[PDB]
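Have a look at work28.tsv; it's TSV, C-alpha atoms and all ligand atoms:
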chain	number	residue	atom	x	y	z
T	1	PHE	CA	11.26	-42.76	81.07
T	2	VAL	CA	12.92	-40.44	83.55
T	3	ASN	CA	9.88	-39.70	85.77
T	4	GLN	CA	11.16	-40.55	89.16
T	5	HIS	CA	14.51	-38.63	88.71
T	6	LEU	CA	12.45	-35.57	87.67
T	7	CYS	CA	10.15	-36.10	90.66
T	8	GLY	CA	13.21	-36.44	93.05
T	9	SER	CA	14.39	-33.06	92.00
T	10	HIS	CA	11.15	-31.32	93.09
T	11	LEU	CA	10.84	-33.45	96.26
T	12	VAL	CA	14.24	-32.23	97.63
T	13	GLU	CA	13.25	-28.60	97.06
T	14	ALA	CA	9.96	-29.45	98.99
T	15	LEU	CA	11.94	-31.01	101.86
T	16	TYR	CA	14.24	-28.02	102.00
T	17	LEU	CA	11.22	-25.72	102.35
T	18	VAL	CA	9.17	-27.98	104.68
T	19	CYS	CA	12.07	-29.16	106.92
T	20	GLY	CA	13.65	-25.74	107.70
T	21	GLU	CA	16.60	-25.63	110.10
T	22	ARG	CA	15.79	-29.25	111.13
T	23	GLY	CA	16.98	-30.40	107.66
T	24	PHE	CA	16.63	-33.94	106.22
T	25	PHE	CA	18.67	-36.89	105.10
T	26	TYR	CA	18.19	-37.82	101.43
T	27	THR	CA	20.24	-41.02	101.59
T	28	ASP	CA	19.76	-44.26	99.55
T	29	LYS	CA	18.16	-45.97	102.56
T	30	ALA	CA	14.90	-44.15	103.27
T	31	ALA	CA	15.08	-41.90	100.24
T	32	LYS	CA	14.07	-44.62	97.70
T	33	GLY	CA	11.06	-44.89	100.00
T	34	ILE	CA	9.88	-41.28	99.74
T	35	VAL	CA	10.14	-41.62	96.02
T	36	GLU	CA	8.29	-44.94	96.00
T	37	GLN	CA	5.46	-43.19	97.84
T	38	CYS	CA	5.46	-39.48	96.88
T	39	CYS	CA	6.27	-39.83	93.18
T	40	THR	CA	3.47	-42.42	92.77
T	41	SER	CA	0.70	-40.23	94.30
T	42	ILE	CA	0.75	-36.70	95.64
T	43	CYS	CA	2.10	-36.35	99.10
T	44	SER	CA	0.74	-33.64	101.48
T	45	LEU	CA	2.94	-31.27	103.56
T	46	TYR	CA	2.36	-33.48	106.58
T	47	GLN	CA	3.38	-36.67	104.80
T	48	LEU	CA	6.52	-34.79	103.59
T	49	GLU	CA	7.30	-33.80	107.22
T	50	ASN	CA	7.72	-37.43	108.32
T	51	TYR	CA	10.95	-37.52	106.32
T	52	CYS	CA	12.35	-34.49	108.18
T	53	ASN	CA	15.04	-34.74	110.78
Z	1	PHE	CA	17.79	-10.17	102.61
Z	2	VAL	CA	17.34	-14.00	102.59
Z	3	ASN	CA	20.74	-14.55	100.98
Z	4	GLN	CA	21.38	-17.80	102.78
Z	5	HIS	CA	17.90	-19.34	101.99
Z	6	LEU	CA	18.13	-18.55	98.23
Z	7	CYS	CA	21.67	-19.85	97.96
Z	8	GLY	CA	20.67	-22.91	100.06
Z	9	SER	CA	17.80	-23.65	97.74
Z	10	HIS	CA	20.17	-24.03	94.71
Z	11	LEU	CA	22.69	-25.97	96.70
Z	12	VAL	CA	20.20	-28.74	97.60
Z	13	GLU	CA	19.35	-29.15	93.88
Z	14	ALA	CA	23.10	-29.20	92.94
Z	15	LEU	CA	23.68	-31.87	95.62
Z	16	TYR	CA	20.81	-34.08	94.41
Z	17	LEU	CA	22.42	-34.13	91.02
Z	18	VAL	CA	26.10	-34.53	91.95
Z	19	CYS	CA	25.60	-37.07	94.78
Z	20	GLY	CA	23.21	-39.27	92.73
Z	21	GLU	CA	23.10	-42.65	94.45
Z	22	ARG	CA	25.32	-41.64	97.47
Z	23	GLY	CA	22.53	-39.15	98.54
Z	24	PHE	CA	23.48	-36.60	101.29
Z	25	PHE	CA	22.29	-35.18	104.63
Z	26	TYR	CA	21.42	-31.41	104.80
Z	27	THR	CA	21.48	-30.36	108.43
Z	28	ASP	CA	21.35	-26.62	108.99
Z	29	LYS	CA	24.23	-27.35	111.35
Z	30	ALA	CA	25.97	-29.37	108.68
Z	31	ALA	CA	24.79	-26.95	106.01
Z	32	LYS	CA	26.88	-24.13	107.46
Z	33	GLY	CA	30.15	-25.32	105.95
Z	34	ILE	CA	28.81	-25.71	102.42
Z	35	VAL	CA	26.84	-22.35	102.52
Z	36	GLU	CA	29.81	-20.47	103.92
Z	37	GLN	CA	32.08	-21.85	101.28
Z	38	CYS	CA	29.79	-22.12	98.22
Z	39	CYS	CA	27.62	-19.01	98.66
Z	40	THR	CA	30.66	-16.79	98.78
Z	41	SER	CA	32.55	-18.48	95.91
Z	42	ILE	CA	31.66	-20.82	93.02
Z	43	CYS	CA	32.28	-24.39	94.18
Z	44	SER	CA	33.47	-26.90	91.63
Z	45	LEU	CA	31.46	-30.05	91.29
Z	46	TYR	CA	34.35	-31.90	92.88
Z	47	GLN	CA	34.05	-29.53	95.85
Z	48	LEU	CA	30.32	-30.19	96.16
Z	49	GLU	CA	30.91	-33.99	96.15
Z	50	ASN	CA	32.82	-33.60	99.40
Z	51	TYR	CA	29.43	-33.14	101.02
Z	52	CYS	CA	27.79	-36.33	99.58
Z	53	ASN	CA	27.00	-39.36	101.70
O	1	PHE	CA	15.44	-4.64	91.64
O	2	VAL	CA	16.90	-7.92	90.30
O	3	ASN	CA	17.46	-9.47	93.77
O	4	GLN	CA	13.70	-8.90	94.48
O	5	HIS	CA	12.80	-10.33	91.03
O	6	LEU	CA	14.73	-13.49	91.86
O	7	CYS	CA	13.42	-13.83	95.40
O	8	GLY	CA	9.88	-13.50	94.04
O	9	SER	CA	10.50	-16.30	91.53
O	10	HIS	CA	11.21	-18.62	94.51
O	11	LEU	CA	8.25	-17.20	96.55
O	12	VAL	CA	5.78	-18.14	93.69
O	13	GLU	CA	7.04	-21.78	93.99
O	14	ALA	CA	6.84	-21.94	97.76
O	15	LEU	CA	3.27	-20.59	97.68
O	16	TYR	CA	2.33	-23.15	95.04
O	17	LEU	CA	3.51	-25.85	97.43
O	18	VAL	CA	2.15	-24.49	100.74
O	19	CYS	CA	-1.23	-23.40	99.36
O	20	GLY	CA	-2.09	-26.88	98.04
O	21	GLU	CA	-5.48	-27.16	96.28
O	22	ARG	CA	-6.62	-23.73	97.59
O	23	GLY	CA	-4.16	-21.76	95.46
O	24	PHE	CA	-3.24	-18.09	95.73
O	25	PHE	CA	-3.39	-14.82	93.86
O	26	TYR	CA	-0.14	-13.03	93.01
O	27	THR	CA	-1.72	-9.75	92.11
O	28	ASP	CA	0.59	-6.71	92.22
O	29	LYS	CA	-0.58	-5.89	95.74
O	30	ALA	CA	-0.20	-9.16	97.45
O	31	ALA	CA	3.15	-9.48	95.60
O	32	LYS	CA	4.47	-6.21	97.07
O	33	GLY	CA	3.75	-7.21	100.65
O	34	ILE	CA	4.95	-10.78	100.49
O	35	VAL	CA	8.09	-9.46	98.79
O	36	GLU	CA	8.76	-6.91	101.52
O	37	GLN	CA	7.94	-9.25	104.29
O	38	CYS	CA	9.60	-12.43	103.15
O	39	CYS	CA	12.50	-11.39	101.00
O	40	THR	CA	13.86	-9.04	103.69
O	41	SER	CA	14.05	-11.77	106.33
O	42	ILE	CA	12.88	-15.34	106.31
O	43	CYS	CA	9.20	-16.25	106.64
O	44	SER	CA	7.92	-19.31	108.47
O	45	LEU	CA	5.39	-21.62	106.74
O	46	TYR	CA	2.61	-20.02	108.88
O	47	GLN	CA	3.48	-16.65	107.48
O	48	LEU	CA	3.43	-17.86	103.96
O	49	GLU	CA	0.18	-19.73	104.55
O	50	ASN	CA	-1.44	-16.35	105.29
O	51	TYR	CA	-1.06	-15.28	101.63
O	52	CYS	CA	-2.91	-18.36	100.39
O	53	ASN	CA	-6.57	-18.41	99.36
C	1	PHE	CA	-2.11	-36.63	89.91
C	2	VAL	CA	1.61	-36.12	90.62
C	3	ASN	CA	2.20	-35.36	86.86
C	4	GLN	CA	-0.20	-32.35	86.73
C	5	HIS	CA	1.32	-31.18	90.11
C	6	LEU	CA	4.77	-31.35	88.46
C	7	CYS	CA	3.53	-29.46	85.45
C	8	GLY	CA	1.75	-26.78	87.53
C	9	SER	CA	5.01	-26.01	89.31
C	10	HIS	CA	6.72	-25.20	86.07
C	11	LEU	CA	3.63	-23.21	84.81
C	12	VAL	CA	3.68	-20.97	87.90
C	13	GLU	CA	7.26	-20.10	87.19
C	14	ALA	CA	6.32	-19.24	83.51
C	15	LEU	CA	3.34	-17.09	84.54
C	16	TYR	CA	5.54	-15.14	87.01
C	17	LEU	CA	7.85	-14.25	84.11
C	18	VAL	CA	5.28	-13.62	81.50
C	19	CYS	CA	2.86	-11.57	83.50
C	20	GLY	CA	5.39	-9.24	85.07
C	21	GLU	CA	4.15	-6.66	87.39
C	22	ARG	CA	0.57	-7.49	86.36
C	23	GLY	CA	0.73	-10.74	88.26
C	24	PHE	CA	-1.88	-13.50	87.96
C	25	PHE	CA	-4.47	-15.50	89.86
C	26	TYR	CA	-3.62	-19.16	90.63
C	27	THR	CA	-6.48	-20.22	92.86
C	28	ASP	CA	-8.18	-23.58	92.39
C	29	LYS	CA	-10.85	-22.06	90.15
C	30	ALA	CA	-8.53	-19.82	88.29
C	31	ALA	CA	-5.90	-22.43	87.65
C	32	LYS	CA	-7.48	-25.60	86.44
C	33	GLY	CA	-8.62	-24.07	83.07
C	34	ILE	CA	-4.80	-23.36	82.67
C	35	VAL	CA	-3.73	-26.88	83.56
C	36	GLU	CA	-6.40	-28.37	81.26
C	37	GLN	CA	-5.05	-26.40	78.31
C	38	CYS	CA	-1.33	-26.21	79.16
C	39	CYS	CA	-0.43	-29.51	80.80
C	40	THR	CA	-1.78	-31.76	77.99
C	41	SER	CA	-0.35	-29.63	75.16
C	42	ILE	CA	2.51	-27.07	75.27
C	43	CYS	CA	1.39	-23.44	75.45
C	44	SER	CA	3.37	-20.60	73.93
C	45	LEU	CA	4.17	-17.44	75.93
C	46	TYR	CA	1.49	-15.57	73.98
C	47	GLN	CA	-1.18	-18.09	75.03
C	48	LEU	CA	0.10	-17.95	78.71
C	49	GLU	CA	-0.31	-14.20	78.77
C	50	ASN	CA	-4.08	-14.56	78.47
C	51	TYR	CA	-3.90	-15.75	82.07
C	52	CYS	CA	-2.23	-12.49	83.49
C	53	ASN	CA	-4.27	-10.09	85.61
K	1	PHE	CA	23.17	-7.61	96.09
K	2	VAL	CA	22.90	-10.19	93.26
K	3	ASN	CA	25.01	-13.35	93.21
K	4	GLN	CA	25.76	-13.54	89.42
K	5	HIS	CA	26.06	-17.32	89.36
K	6	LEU	CA	22.62	-17.80	90.86
K	7	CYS	CA	21.17	-15.08	88.63
K	8	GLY	CA	22.69	-16.88	85.54
K	9	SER	CA	20.87	-20.06	86.36
K	10	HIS	CA	17.46	-18.23	86.22
K	11	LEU	CA	18.50	-16.45	83.05
K	12	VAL	CA	19.40	-19.76	81.21
K	13	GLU	CA	15.99	-21.05	82.20
K	14	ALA	CA	14.24	-17.91	80.84
K	15	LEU	CA	16.11	-18.20	77.51
K	16	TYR	CA	15.01	-21.86	77.20
K	17	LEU	CA	11.45	-20.41	77.73
K	18	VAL	CA	11.73	-17.64	75.28
K	19	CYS	CA	13.83	-19.13	72.52
K	20	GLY	CA	12.75	-22.80	72.71
K	21	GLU	CA	13.47	-24.60	69.39
K	22	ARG	CA	15.02	-21.48	67.83
K	23	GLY	CA	18.00	-21.95	70.32
K	24	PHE	CA	20.91	-19.42	70.30
K	25	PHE	CA	24.46	-19.01	68.91
K	26	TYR	CA	26.87	-19.21	71.91
K	27	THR	CA	29.86	-16.78	72.12
K	28	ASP	CA	31.75	-15.83	75.29
K	29	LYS	CA	31.08	-12.09	74.66
K	30	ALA	CA	27.30	-12.51	74.38
K	31	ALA	CA	27.18	-14.77	77.38
K	32	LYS	CA	29.09	-12.38	79.60
K	33	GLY	CA	27.06	-9.47	78.08
K	34	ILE	CA	23.68	-10.96	79.00
K	35	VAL	CA	24.69	-11.80	82.58
K	36	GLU	CA	26.16	-8.30	83.02
K	37	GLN	CA	23.05	-6.44	81.79
K	38	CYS	CA	20.21	-8.68	83.10
K	39	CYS	CA	21.85	-9.38	86.54
K	40	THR	CA	22.06	-5.63	87.28
K	41	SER	CA	18.75	-4.31	85.75
K	42	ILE	CA	15.71	-6.48	85.24
K	43	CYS	CA	15.42	-7.67	81.64
K	44	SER	CA	12.09	-8.17	80.04
K	45	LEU	CA	11.25	-11.21	77.82
K	46	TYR	CA	11.38	-8.95	74.76
K	47	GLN	CA	14.99	-7.97	75.61
K	48	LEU	CA	15.86	-11.70	76.03
K	49	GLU	CA	14.35	-12.68	72.66
K	50	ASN	CA	17.14	-10.63	71.03
K	51	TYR	CA	19.63	-13.37	71.91
K	52	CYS	CA	17.65	-16.17	70.31
K	53	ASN	CA	18.72	-17.44	66.96
G	1	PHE	CA	2.20	-34.34	76.07
G	2	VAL	CA	4.38	-31.68	77.80
G	3	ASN	CA	6.80	-34.25	79.33
G	4	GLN	CA	9.77	-33.67	76.99
G	5	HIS	CA	9.52	-29.80	77.38
G	6	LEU	CA	9.64	-30.47	81.17
G	7	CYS	CA	12.57	-32.89	81.01
G	8	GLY	CA	14.43	-30.32	78.66
G	9	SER	CA	14.02	-27.54	81.38
G	10	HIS	CA	15.69	-29.73	83.89
G	11	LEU	CA	18.54	-30.64	81.47
G	12	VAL	CA	19.18	-26.96	80.86
G	13	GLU	CA	19.58	-26.44	84.60
G	14	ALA	CA	21.98	-29.44	84.80
G	15	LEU	CA	24.12	-28.27	81.75
G	16	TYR	CA	24.38	-24.76	83.41
G	17	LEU	CA	25.72	-26.37	86.50
G	18	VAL	CA	28.05	-28.88	84.93
G	19	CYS	CA	29.49	-26.53	82.33
G	20	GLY	CA	29.90	-23.44	84.48
G	21	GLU	CA	31.73	-20.57	82.90
G	22	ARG	CA	32.53	-22.60	79.76
G	23	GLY	CA	28.86	-22.47	78.84
G	24	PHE	CA	27.35	-24.96	76.27
G	25	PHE	CA	26.68	-24.82	72.53
G	26	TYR	CA	23.36	-25.44	70.69
G	27	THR	CA	22.71	-27.11	67.42
G	28	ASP	CA	19.34	-28.51	66.15
G	29	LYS	CA	20.78	-31.97	66.06
G	30	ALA	CA	22.37	-32.11	69.46
G	31	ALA	CA	19.30	-30.53	71.08
G	32	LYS	CA	17.23	-33.39	69.50
G	33	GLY	CA	19.77	-35.93	70.61
G	34	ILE	CA	20.18	-35.09	74.34
G	35	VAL	CA	16.39	-35.10	74.79
G	36	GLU	CA	15.97	-38.46	72.99
G	37	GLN	CA	18.81	-39.96	75.06
G	38	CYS	CA	18.51	-38.17	78.49
G	39	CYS	CA	14.70	-38.04	78.67
G	40	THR	CA	14.57	-41.89	78.07
G	41	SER	CA	17.17	-42.96	80.63
G	42	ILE	CA	19.28	-41.12	83.25
G	43	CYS	CA	22.37	-39.45	81.88
G	44	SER	CA	25.34	-38.96	84.13
G	45	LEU	CA	27.00	-35.56	84.68
G	46	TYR	CA	30.01	-37.01	82.81
G	47	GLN	CA	27.86	-37.58	79.72
G	48	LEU	CA	26.47	-34.02	79.92
G	49	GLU	CA	30.01	-32.57	80.10
G	50	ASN	CA	30.37	-33.45	76.38
G	51	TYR	CA	28.10	-30.54	75.47
G	52	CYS	CA	30.01	-27.89	77.33
G	53	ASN	CA	32.31	-25.61	75.36
T	101	LIG	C1	5.61	-31.42	96.90
T	101	LIG	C2	5.72	-32.69	96.08
T	101	LIG	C3	6.72	-32.79	95.12
T	101	LIG	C4	6.82	-33.97	94.39
T	101	LIG	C5	5.87	-34.97	94.70
T	101	LIG	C6	4.94	-34.90	95.70
T	101	LIG	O1	3.97	-35.89	95.98
T	101	LIG	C7	4.83	-33.72	96.39
T	102	LIG	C1	24.26	-22.80	93.98
T	102	LIG	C2	25.67	-23.33	93.67
T	102	LIG	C3	25.91	-24.34	92.74
T	102	LIG	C4	27.18	-24.81	92.41
T	102	LIG	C5	28.31	-24.12	93.02
T	102	LIG	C6	28.03	-23.07	93.94
T	102	LIG	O1	29.07	-22.46	94.64
T	102	LIG	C7	26.73	-22.64	94.31
T	103	LIG	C1	11.85	-17.53	98.72
T	103	LIG	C2	11.40	-17.64	100.15
T	103	LIG	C3	10.98	-18.93	100.39
T	103	LIG	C4	10.47	-19.31	101.56
T	103	LIG	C5	10.60	-18.15	102.53
T	103	LIG	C6	11.08	-16.93	102.30
T	103	LIG	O1	11.00	-15.88	103.31
T	103	LIG	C7	11.52	-16.54	100.99
T	104	LIG	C1	6.09	-22.94	79.87
T	104	LIG	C2	5.16	-24.09	80.23
T	104	LIG	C3	5.29	-24.83	81.39
T	104	LIG	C4	4.45	-25.91	81.63
T	104	LIG	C5	3.40	-26.18	80.67
T	104	LIG	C6	3.36	-25.45	79.47
T	104	LIG	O1	2.45	-25.69	78.46
T	104	LIG	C7	4.21	-24.43	79.24
T	105	LIG	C1	19.20	-22.14	76.99
T	105	LIG	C2	18.53	-22.92	75.83
T	105	LIG	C3	18.66	-24.25	75.67
T	105	LIG	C4	18.08	-25.08	74.65
T	105	LIG	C5	17.30	-24.22	73.86
T	105	LIG	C6	17.17	-22.89	74.00
T	105	LIG	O1	16.42	-21.99	73.26
T	105	LIG	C7	17.81	-22.09	75.02
T	106	LIG	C1	14.11	-13.58	83.35
T	106	LIG	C2	15.23	-13.03	84.13
T	106	LIG	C3	16.09	-13.82	84.88
T	106	LIG	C4	17.15	-13.28	85.44
T	106	LIG	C5	17.45	-11.89	85.45
T	106	LIG	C6	16.61	-11.16	84.66
T	106	LIG	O1	16.84	-9.80	84.47
T	106	LIG	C7	15.55	-11.66	84.02
T	107	LIG	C1	23.35	-19.30	76.91
T	107	LIG	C2	24.20	-19.73	78.11
T	107	LIG	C3	24.54	-18.65	78.92
T	107	LIG	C4	25.26	-18.70	80.04
T	107	LIG	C5	25.72	-19.97	80.50
T	107	LIG	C6	25.35	-21.05	79.73
T	107	LIG	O1	25.87	-22.25	80.34
T	107	LIG	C7	24.65	-20.94	78.56
T	108	LIG	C1	20.57	-34.57	85.29
T	108	LIG	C2	19.50	-35.04	84.32
T	108	LIG	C3	18.39	-34.25	84.15
T	108	LIG	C4	17.36	-34.66	83.30
T	108	LIG	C5	17.63	-35.85	82.62
T	108	LIG	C6	18.70	-36.65	82.85
T	108	LIG	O1	18.77	-37.81	82.11
T	108	LIG	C7	19.77	-36.31	83.70
T	109	CL	CL	9.12	-32.17	85.98
T	110	CL	CL	18.37	-16.92	93.49
T	111	ZN	ZN	10.17	-30.41	86.87
T	112	ZN	ZN	17.30	-18.64	92.59

Produce structure tokens that represent the structure in this file.
Ligand SMILES: Cc1cccc(O)c1
Ligand SMILES: Cc1cccc(O)c1
Ligand SMILES: Cc1cccc(O)c1
Ligand SMILES: Cc1cccc(O)c1
Ligand SMILES: Cc1cccc(O)c1
Ligand SMILES: Cc1cccc(O)c1
Ligand SMILES: Cc1cccc(O)c1
Ligand SMILES: Cc1cccc(O)c1
Ligand SMILES: [Cl-]
Ligand SMILES: [Cl-]
Ligand SMILES: [Zn+2]
Ligand SMILES: [Zn+2]
Amino acid sequence: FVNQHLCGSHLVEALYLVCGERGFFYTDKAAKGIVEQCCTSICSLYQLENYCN
Amino acid sequence: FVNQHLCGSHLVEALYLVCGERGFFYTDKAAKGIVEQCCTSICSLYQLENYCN
Amino acid sequence: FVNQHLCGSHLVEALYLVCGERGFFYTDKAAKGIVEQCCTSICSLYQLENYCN
Amino acid sequence: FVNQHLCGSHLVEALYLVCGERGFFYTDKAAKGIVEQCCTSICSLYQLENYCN
Amino acid sequence: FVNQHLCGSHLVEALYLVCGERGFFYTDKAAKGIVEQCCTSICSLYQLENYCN
Amino acid sequence: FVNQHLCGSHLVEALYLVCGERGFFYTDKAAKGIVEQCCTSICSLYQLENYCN
């Protein structure tokens, strides 16, 4: 299956909208961690914000 | 018109695909170079990879 | 106008995300309205939350 | 739960194209009948139009 | 203003929508023809179904 | 299940990007093949490049 890669693609658009001019880092380090958590169960806007810069 | 925000929305999706495992950082102060270049001309995928982590 | 058509396709997705469970209507009166407000210059997340139900 | 969220995001972009200047409702009541029918099986464009306002 | 490269990505999505397993027959003249006409005036789904195969 | 129709919309977006102004070609067979291969495991951009014209 290709579930997480398909989930990744929507989660960066959500971090571009949530994060704004603060931006975000989607790097191998703490980006496999937003996938472990937000592609397993639905993350709210405030849980998404904790990955912002 | 929100020309920057609509071009920036496509650019984050193109970067998720081209950077793959390298990932990237999208700071609105690091996102100025890649919007100024790639929203006024079509960037190759090699050009996009120059912004990967 | 096609640039308003395309902006509105991105606006439908951001309201889906911001409005969570609540949802939103995209009747041709709220549409005209969010289009004029938020495709002419950017909208913050508060502003978009105001169109949600 | 993330799978139906993923699906709903792509159905909102389909309803925006199919309904045109009609528009559509996508509140929690309105759009849960849609997801039951169109996220378990594939809906055509003629079935999606039933949900236009 | 319409950036034609960002408009084309939306149009390729729409034809996937419209044509689905019918596909299309690719020729440079039809490709440039669709992006010229539907990136300057809005095309409806019934205009886009003409390009399906 | 709608999962392969959803994967297929994301491949279309990644062939548009990768192929650029060369565009891509459709046949019944290759459309069956890239979904059975790229919706089962992650295809690179250098594998997708084989369907561009
Ligand atoms: C907004 C969003 C996208 C993908 C997964 C999530 O949990 C939430
Ligand atoms: C949106 C986008 C993708 C790829 C190249 C570009 O210049 C712009
Ligand atoms: C498309 C869009 C997204 C978010 C804010 C805007 O003003 C316009
Ligand atoms: C077009 C579309 C998107 C998502 C679910 C569907 O049944 C159909
Ligand atoms: C653009 C596209 C891709 C695959 C099938 C289609 O009908 C249309
Ligand atoms: C469906 C769609 C996308 C892009 C431009 C158009 O005129 C129509
Ligand atoms: C049908 C089609 C049109 C334009 C670009 C593409 O990559 C494919
Ligand atoms: C880029 C991409 C999209 C969808 C499936 C894949 O295997 C690879
Ligand atoms: Cl998806
Ligand atoms: Cl756009
Ligand atoms: Zn998706
Ligand atoms: Zn766009």

Residues of chain K within 12 Å of ligand LIG 102 (chain T): nearest atom pair and distance (Å, one decimal) for each, counting all atoms listed in the file, sorted by chain and number, as a Markdown table?
| residue | atom | partner | partner_atom | distance |
| --- | --- | --- | --- | --- |
| K:3 | CA | T:LIG102 | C1 | 9.5 |
| K:4 | CA | T:LIG102 | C7 | 10.4 |
| K:5 | CA | T:LIG102 | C7 | 7.3 |
| K:6 | CA | T:LIG102 | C1 | 6.1 |
| K:7 | CA | T:LIG102 | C1 | 9.9 |
| K:8 | CA | T:LIG102 | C1 | 10.4 |
| K:9 | CA | T:LIG102 | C1 | 8.8 |
| K:10 | CA | T:LIG102 | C1 | 11.3 |

| field | Test item: residues no farther than 8 Å from ligand LIG 104 (chain T), counting all atoms listed in the file, as a ChimeraX atom specification | value | /C:7-15,35,37-45,48 /K:17 /G:2,5-6

| Between atom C7 of ligand LIG 101 (chain T) and CA of residue 19 (chain O), distance in Å (one decimal) | 12.3 Å

| task | Neighbourhood query: residues within 9 Å of (-2.5, -20.5, 101.0), file coordinates, counting only C-alpha atoms; return as a ChimeraX atom specification. | result | /O:15-24,48-53

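One finds CA of residue 47 (chain G) at 26.2 Å from CA of residue 29 (chain T).
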
| said: Just to confirm, what's the straight-line distance from CA of residue 27 (chain C) to CA of residue 25 (chain O) in Å (one decimal)? | reply: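 Answer for the CA of residue 27 (chain C) to CA of residue 25 (chain O) separation: 6.3 Å.
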